[PDB]
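K.L.:
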Amino acid sequence: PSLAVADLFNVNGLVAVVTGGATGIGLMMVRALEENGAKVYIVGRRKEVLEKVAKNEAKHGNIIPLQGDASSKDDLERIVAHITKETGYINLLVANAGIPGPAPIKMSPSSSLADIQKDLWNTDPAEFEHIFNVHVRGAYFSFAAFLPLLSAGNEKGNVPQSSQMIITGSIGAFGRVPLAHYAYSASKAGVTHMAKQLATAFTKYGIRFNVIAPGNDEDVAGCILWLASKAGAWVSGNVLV
Amino acid sequence: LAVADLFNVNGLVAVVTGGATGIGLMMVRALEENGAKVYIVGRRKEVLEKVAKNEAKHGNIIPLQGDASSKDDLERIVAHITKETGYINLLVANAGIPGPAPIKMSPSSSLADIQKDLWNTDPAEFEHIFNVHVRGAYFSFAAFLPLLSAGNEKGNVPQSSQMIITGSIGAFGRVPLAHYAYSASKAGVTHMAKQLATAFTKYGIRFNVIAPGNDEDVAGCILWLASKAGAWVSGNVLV
Amino acid sequence: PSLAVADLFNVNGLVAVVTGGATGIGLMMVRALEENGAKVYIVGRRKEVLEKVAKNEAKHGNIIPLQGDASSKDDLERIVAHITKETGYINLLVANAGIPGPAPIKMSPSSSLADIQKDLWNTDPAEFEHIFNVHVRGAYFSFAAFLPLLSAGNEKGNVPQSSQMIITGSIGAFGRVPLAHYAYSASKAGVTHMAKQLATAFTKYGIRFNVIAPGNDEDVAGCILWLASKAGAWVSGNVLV
Amino acid sequence: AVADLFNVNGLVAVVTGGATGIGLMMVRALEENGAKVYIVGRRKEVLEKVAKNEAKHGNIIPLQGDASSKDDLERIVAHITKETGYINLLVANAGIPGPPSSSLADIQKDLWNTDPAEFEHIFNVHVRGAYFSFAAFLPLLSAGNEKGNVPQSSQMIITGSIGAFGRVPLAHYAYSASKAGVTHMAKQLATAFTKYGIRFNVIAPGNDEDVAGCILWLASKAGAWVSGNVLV
Amino acid sequence: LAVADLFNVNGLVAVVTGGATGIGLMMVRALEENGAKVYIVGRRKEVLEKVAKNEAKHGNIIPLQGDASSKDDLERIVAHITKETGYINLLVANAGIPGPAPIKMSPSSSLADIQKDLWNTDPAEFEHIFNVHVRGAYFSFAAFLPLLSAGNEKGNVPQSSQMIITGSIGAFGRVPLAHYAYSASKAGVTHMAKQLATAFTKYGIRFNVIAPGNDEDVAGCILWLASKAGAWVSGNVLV
Amino acid sequence: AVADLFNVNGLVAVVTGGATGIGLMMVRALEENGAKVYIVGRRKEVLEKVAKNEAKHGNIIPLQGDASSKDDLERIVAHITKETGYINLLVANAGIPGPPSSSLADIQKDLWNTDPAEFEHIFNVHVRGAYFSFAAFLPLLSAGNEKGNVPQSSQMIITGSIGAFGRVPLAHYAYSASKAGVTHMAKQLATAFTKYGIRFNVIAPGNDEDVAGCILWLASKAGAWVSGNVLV
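Protein chains in written order, with PDB author numbering: chain C, 7 to 220, 254 to 280; chain A, 9 to 220, 254 to 280; chain C', 7 to 220, 254 to 280; chain B, 10 to 108, 115 to 220, 254 to 280; chain A', 9 to 220, 254 to 280; chain B', 10 to 108, 115 to 220, 254 to 280. A prime marks a further copy of an entry chain.
(1) Round the Cβ separation of residue 249 of chain A and A:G175 to the nearest angstrom and send it over; I've been treating them as touching at under 8 Å.
(2) Give the interface partners of A:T206 over in chain C', defined as CB-CB distance under 7 Å, in chain order.
(3) Would C':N68 and C':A44 be called neighbours here (beta carbons separated by less than 8 Å)?
(4) For C:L72, tell me which candidate among C:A201, C:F149, C:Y47, C:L119 has the shortest Cα-Cα distance.
(5) Is it the case that the Cβ atoms of C:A101 and C:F149 are separated by a distance below 8 Å?
(6) Grab the span of the alpha helix (DSSP H) containing C':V86 for me, first residue to last.
(7) Which chain B residues sit within Cβ distance under 7 Å of C':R143?
(8) For A:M200, count neighbouring C-beta atoms within 10 Å of its own C-beta (all shown protein chains included) and say buried if the count is 16 or more, exposed if not.
(9) State the Cα-Cα distance for the pair C':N42 and C':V11, rounded to the nearest angstrom.
(10) Note down, in chain order, every chain F residue with its Cβ under 8 Å from the Cβ of A':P108.
(11) Going along chain C', which residues have a C-beta under 9 Å from A:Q170?
(12) Note down, in chain order, each residue of its chain lying with its Cβ closer than 8 Å to the Cβ of C':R182, except the 5 sequence neighbours on either side.
(13) Sort out for me which residues DSSP pairs C':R52 with in a bridge.
(14) How do the segment 268 to 277 of chain C and the segment 261 to 274 of chain A stand: do at least 3 beta-carbon pairs fall below 8 Å, yes or no?
(15) Contact defined as beta carbons within less than 8 Å: I believe A:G94 pairs with A:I85. What is the distance between those atoms, to the nearest angstrom?
(16) Within 10 angstroms of the Cβ of A:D125, are there 16 or more other Cβ atoms? Answer buried if so, exposed if not.
(17) Report the three-state DSSP secondary structure of A':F215 (helix, strand or coil).
(18) Going along the chain, which residues of the segment 260 to 276 of chain C' sit with their C-beta nearer than 9 Å to a C-beta in chain A'?
(19) Just the Cα atoms here: how many angstroms apart are C:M34 and C:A186?
(20) Would A:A10 pass as an interface residue toward chain C' - the criterion being a Cβ-Cβ separation below 8 Å?
(21) Classify A:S268 as buried or exposed, calling it buried when 16 or more other Cβ atoms lie within 10 Å of its own Cβ.
(22) Who are the neighbours of A':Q123 on chain B', taking C-beta pairs under 7 Å?
(23) Please classify A:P71: does DSSP put it in a helix, a strand, or coil?
(24) Name the one or two DSSP bridge partners that A':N102 has.
(25) Could you check the C-alpha separation between A:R143 and A:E40 for me, to the nearest Å?
(26) Going by C-alpha distance, which of B':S169, B':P131, B':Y146 is nearest C:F147?
(27) List the DSSP bridge partners of residue 222 of chain A.
(28) Going by the beta-carbon positions, is the gap between A:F215 and A:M171 smaller than 8 Å?
(29) Determine the chain B residues that contact B':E40 at a beta-carbon separation under 7 Å, and present them in chain order.
(30) So, are the CB atoms of B':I122 and B':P184 less than 8 Å apart?
(31) Is any beta-carbon of chain B' found at less than 8 Å from that of B:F134?
(32) Nearest to C:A207 by alpha carbon, out of B':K202, B':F180, B':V217, B':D256?
(33) Below 7 Å on C-beta distance, what does C':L14 contact in chain A?
(34) So, under 8 Å CB-CB, C:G32 and C:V24 are touching, yes? Tell me the CB distance rounded to an integer number of Å.
(35) B:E92 touches chain B' at which residues, Cβ-Cβ below 9 Å?
(36) Would you mind telling me which residues of chain C sit closer than 9 Å to A':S157, beta carbon to beta carbon, in chain order?
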């Protein structure tokens, strides 16, 4: 049944790789992807949370933890070495540029005007532009790692759609400081700059690049399921708010 | 949270203008197959009944003869749906179906024919393609404006009532200057859509645009847009 | 005293001409201008409201009514004929393009969804673009009328500042229909399009052109007093929101 | 090799305003260096006067006709197709119809009688003219590709003038009305018709050599891979 | 509603960084003459006291030595005002007074001198002019952030507390590439201003920009901006 | 008059990359038609090899030097000022340093070792080069106005190349890194230094005649009132 939803937005037997694992949106996407039948490899530097995700939110048992710092270079060689031997191909890459980036936690409070003052006092404004570089840097090297596996997913033909790299990001603790939009757009500008350039140079291969920018769990499920599935095989270069 | 529950259009009372032709057709099919009462409007009942009795997979396609350009015919079709069902949740207006000439007479495949088409089309008809789309999206929403809010009050679906606006370029699609007519139509629906989105989204009605390419793409969009997936989709325009 | 406020934002003995008279903002500006000592001619097609303004809000008695339809062409020749003989020169022109434009009143209500429906039903969408043309058309011909008087205010030297044409507009009853911003930007686009072109061609003479776009009575007083006075003699081409 | 690079020898051009001005300044630079320039203007006395006066090699061919009426347009190419059967360059001056600043009083009445819709009308004519000018010469221009007398592709250089609106203080309004006019239509023709091997270019509105520089750089093989560009 | 009541700065506790020099000077004068307690900050007390004892018309100009680049000196001056007055309503930070070199040594009026200036200025100093302005506006607001809200709580003026940001291009003003340095400074203050305006206007603090030309113009702006006239002026940038 | 309009006779040019490429394609079109072209490159063996091989009239003068080091820059003009004392054209190739696509695996390691800050670095060098290239020749270029050997004003045409980054699949990144680089500095120089009688122009990054068309149209008197423009 061609346009029955169960066949259109089908991700059954899709081999995805999600950086950050739990993350924020990543979990919201990892849930929506495995639940509908997809091999979701989740990467993170804290294995206990990877293990929590793989066996508390997994509805069919396909979330596969893999410890590794995306920032860490050789750890990326390790993880590509692992998946190439276990599965040999991936179809989706959901890189969270800057999961190894901004501090995901702020010990100081943020409510009283004084708490806000010291938070600004210890935030050097160059850290906002650093958020940019972190996201630009990560998407570049994260895409670089899975480049063979990503096209390998084109040659194995387990899905009608093309291989895809969906890019996301987070601002970490900057979501709780009043100067959050500064960090948000600093992060958004990062992934879009790298994505547009990767799309121009590598969409000519079997990899389309897409962006989801940072709320309900159904908004992201809709997107990730429409984007990676057969329903969204002819969508490349877009940025979804 | 599985696809069958998220991208469900079950019990959606939609109204797709244009007469289930082209993008319109690909949308009524994808909506009815997955369970929606789709009223289809057009000025030629002969073609309206064919789709209902040829492409409907569950038999929930209800034809309705009417000129969208005619205001009184628009008043009638709203009058019909208000008593038969009393509420609509989706409106897929194809701005400019009562617009550009759908079928082209003269040959379009020769340097002379290309010249012949260029001489006999006044360039203001490109500006007219724009103007028609502004008129259609505006007046189609006005017709179903109460009916659409009834779709929030009957609460048969969690999503907000929605007006998806699209258009066609008619016979201009096989003239070498199609992009001109295309963007003329694209600009029409978007300009009016942002004016309606700004003015009426505060009334619980989302506005969205699908632009004038497999039936798999249109099904994806129309189903992602109208379902609970994509309940927080307002102001977007889809290429 | 050069930078004492009473001398900086001084409009004392300034000869202004305000189209619409009461208007909405026009009154708010006519009050701020005469109160601080300026000959304010007010123009409108309904003399009773011109007479009400001139002798209820006038604090020094300088609001001078003058009946006339700005849309009406020969009425403009009449009013320039009158002021050239009475005073012979003007320094400020506050034209409200489209005071002879959109309907300033809507008999139908606007609350119930049905009232909104019929209001849209009887509003042809071409009336929004007509709001544009009305404002573009009016500023052109309104400026045209006072062109001699405006430079006459440069030769008489009653103020250190240059002669000025401040342009405004209103959407009339469209302020009460839900599709108001459509009319607002339709009106704003009108005055700015004509203003930019008049500024390019005629700022090379002694007339700078400025725009105030459509709340408290002090916001407008601040603007009109800062703009037309000596404090704002080197401001041309700006658009004040 | 300036003489070989910028060769316009044997170029079949057609300029719709080669007597009005600029057209003239450019028909001269084109014929002098060896291009058969057909000249269009609605007052023929001046077109032939321009010829046998400004032809430095004697290759300037006048023909009476105004660009606004299309009945004149089939007339012109029907003749032009019979002499040569093919054109390579078209320098259309969209808006051939086109349209005492002393004392402010004269200026007041000067604009007092200029309806501002005439500026928007300056726009509309220019959009229509390039469209109908291209529509007229569409076969002949590609025929110039089949005769293969030049290495470059067929070209339509689009321009316009504001005429008497050049004198009113509100000239920039008319200039931009024309500037926006010719470019808007040019972008629609370039996307839709460059895929038929025809480049479109625009020169926007005064020296005898700056314009000559342009017309010769674009019409020569030097300007063979320049399409969609605009030039002041 | 007369000018003397609208454009009043009476009882305004302002703080103007840079040291009452240039636009800063023209602003402290226009503010004190019309009645405002203006604290002036700079790193050279000798020039700070001159303006206080030469250009003050009512004697309400209070000098304060301090490096705006030095954070601890910024902590001191805030500590001083918090006990002496306890509240500020206006902050006129001149971002990059502790920035570009104010005075130029070498001759600037010769093709050789122009070349000499071009060879000895690394082009990253233009990017540095930008970066300094981002740092100054950011950290100056951070210093007085509590103090500024006190100016809303003491209620000595109806307007909201305000941070007006400006800057200087230093010695680059008489180098032929001044516009480069000018816009480098202009971009600095505006980029940071919109980030502060977005983040902190919800705390009752307006942000505005005056860009780096008679003393009559600056008096007009600074007085229109800070007074009750212009109480609803936020997000603007003034050329 | 093609031969007189596009006259480059007796033009004192200086191209900083007239051996690398494009520079060569343009030094040729300039010297051949009579312009004394000084050529810069950091490997002199190839610069003199280009001369006495590509000089069609024998007017190509090499000089060893890399544009990045300014110590080389005073060296070059100190010599160039002594031979002639004045320059009219400067075609600077900002970024003279500049910088096996088979199989995806080679490509993975190819980018794996390219730090993305090197693309931003491609930008920075080009901004610095035009600045320091102009700073070097600033006196000599205006001296070319005082010698009055040409009717046109002195000109600095700015270009750059991405070198080996032209081969990585992410070349457009490097191209735009260079394209944005040269134009950003060019706009700052044009506003600040055109008031000193020096026009600035940019050609952005391959035929022997399309580039020749440009370099000759701009360097001639034809391109005398073209300043601030950019050309593909």
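Every residue, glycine too, gets a C-beta built ideally from N, C-alpha and C.
P.N.:
According to the structure data:
(1) The model contains no atoms for residue 249 of chain A, which sits in the stretch where chain A goes from 220 to 254 directly.
(2) The residue you call residue 206 of chain A lines up with position 198 of the second sequence. Using a Cβ-Cβ cut-off of 7 Å, A:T206 is close to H187 of chain C', given in chain order.
(3) Indexing the third sequence from 1 puts residue 68 of chain C' at position 62. Indexing the third sequence from 1 puts residue 44 of chain C' at position 38. Here C':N68 is near C':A44, since their CB atoms are less than 8 Å apart.
(4) Position 66 of the first sequence holds residue 72 of chain C. For C:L72, the nearest C-alpha among the options comes from C:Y47.
(5) As a first step, residue 101 of chain C must be located in the first sequence, where it is residue number 95. As a first step, residue 149 of chain C must be located in the first sequence, where it is residue number 143. In this structure, C:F149 lies closer than 8 Å to C:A101 by Cβ.
(6) For the purposes of this step, residue 86 of chain C' is identified with residue 80 of the third sequence, where counting begins at 1. For C':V86, the enclosing alpha helix (DSSP H) starts and ends at 79 to 92.
(7) The residue you call residue 143 of chain C' lines up with position 137 of the third sequence. By Cβ distance, chain B contributes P131.
(8) Here residue 200 of chain A is taken as the residue at index 192 of the second sequence, counted from 1. A residue is called buried when at least 16 other Cβ atoms come within 10 angstroms of its Cβ; A:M200 meets this threshold and is buried.
(9) Reading the third sequence from its first residue, position 36 is the one you call residue 42 of chain C'. Reading the third sequence from its first residue, position 5 is the one you call residue 11 of chain C'. Approximately 12 Å, taken between the alpha carbons.
(10) Of the protein chains in this structure, namely C, A, C', B, A' and B', none is chain F.
(11) Within the second sequence, numbered from 1, the residue matching residue 170 of chain A stands at position 162. In chain order: nothing, as chain C' lies at least about 17 Å away.
(12) The sequence position of residue 182 of chain C' within the third sequence is 176, counting from 1. Cβ within range, chain order: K112, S116.
(13) As a working mapping, residue 52 of chain C' is identified with position 46 in the third sequence. Residue pairing by DSSP places C':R52 in no beta bridge whatsoever.
(14) Proximity of the segment 268 to 277 of chain C to the segment 261 to 274 of chain A meets the contact definition, three or more beta-carbon pairs being nearer than 8 Å.
(15) Counting from 1 along the second sequence, the entry for residue 94 of chain A is found at position 86. Counting from 1 along the second sequence, the entry for residue 85 of chain A is found at position 77. Your pair A:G94 and A:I85 does not check out as a contact, with CB atoms roughly 14 Å apart and the cut at 8 Å.
(16) Here residue 125 of chain A refers to the residue found at position 117 when the second sequence is read from its first residue. It counts as buried.
(17) Reading the fifth sequence from its first residue, position 207 is the one you call residue 215 of chain A'. Strand.
(18) Result list: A260, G261, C262, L264, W265, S268, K269, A270, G271, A272, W273, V274.
(19) Position 28 of the first sequence holds residue 34 of chain C. Position 180 of the first sequence holds residue 186 of chain C. Put simply, the backbone Cα of C:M34 is about 22 Å away from that of C:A186.
(20) Stepping through the second sequence from its first residue, residue 10 of chain A is reached at position 2. Cβ-Cβ to chain C' under 8 Å: no for A:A10.
(21) Counted from its first residue, the second sequence places residue 268 of chain A at position 227. With 16 or more Cβ atoms within 10 Å of its Cβ, A:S268 is classed as buried.
(22) Numbered from 1 along the fifth sequence, position 115 holds the residue referred to as residue 123 of chain A'. Simply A150, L153, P154.
(23) To locate residue 71 of chain A, count along the second sequence from 1; it is residue 63. Reduced to three states, the DSSP call for A:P71 is strand.
(24) One-based indexing of the fifth sequence puts residue 102 of chain A' at position 94. According to DSSP, which records beta bridges pairwise, A':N102 is partnered with A':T174.
(25) Counting from one through the second sequence, the residue named residue 143 of chain A turns up at place 135. Counting from one through the second sequence, the residue named residue 40 of chain A turns up at place 32. Going by the C-alpha atoms only, they are around 28 Å apart.
(26) By 1-based counting over the first sequence, the position of residue 147 of chain C is 141. Ranking B':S169, B':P131, B':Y146 by Cα distance to C:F147 puts B':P131 first.
(27) Between 220 and 254, chain A has no modelled residues, and residue 222 of chain A is one of the positions in that gap.
(28) To locate residue 215 of chain A, count along the second sequence from 1; it is residue 207. To locate residue 171 of chain A, count along the second sequence from 1; it is residue 163. Yes.
(29) As a first step, residue 40 of chain B' is located in the sixth sequence; it is residue number 31 there, counting from the start. The premise fails here: B':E40 is roughly 12 Å from chain B at the closest Cβ pair, so nothing lies under 7 Å.
(30) As a working note, residue 122 of chain B' is residue 107 in the sixth sequence. As a working note, residue 184 of chain B' is residue 169 in the sixth sequence. Closer than 8 Å, so yes.
(31) One-based indexing of the fourth sequence puts residue 134 of chain B at position 119. Closer than 8 Å: no.
(32) In the first sequence, the residue the question calls residue 207 of chain C occupies position 201. Measuring C-alpha to C-alpha distances from C:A207 to each of B':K202, B':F180, B':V217, B':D256 identifies B':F180 as the nearest.
(33) Residue 14 of chain C' sits at position 8 when you count from the first residue of the third sequence. Under the 7 Å cutoff, chain A gives no residues; its nearest Cβ is about 40 Å from C':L14.
(34) Start at 1 with the first residue of the first sequence, and residue 32 of chain C comes out as number 26. Start at 1 with the first residue of the first sequence, and residue 24 of chain C comes out as number 18. Between C:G32 and C:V24 a beta carbon distance of about 5 Å is seen, short of the 8 Å cut, so the two are scored as contacting.
(35) To locate residue 92 of chain B, count along the fourth sequence from 1; it is residue 83. Taking a Cβ-Cβ threshold of 9 Å, none of the residues of chain B' is close to B:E92; the smallest such distance is about 26 Å.
(36) Sequence index remark: in the fifth sequence, residue 157 of chain A' carries index 149 (1-based). Contact of A':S157 with chain C by beta-carbon distance below 9 Å involves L119.
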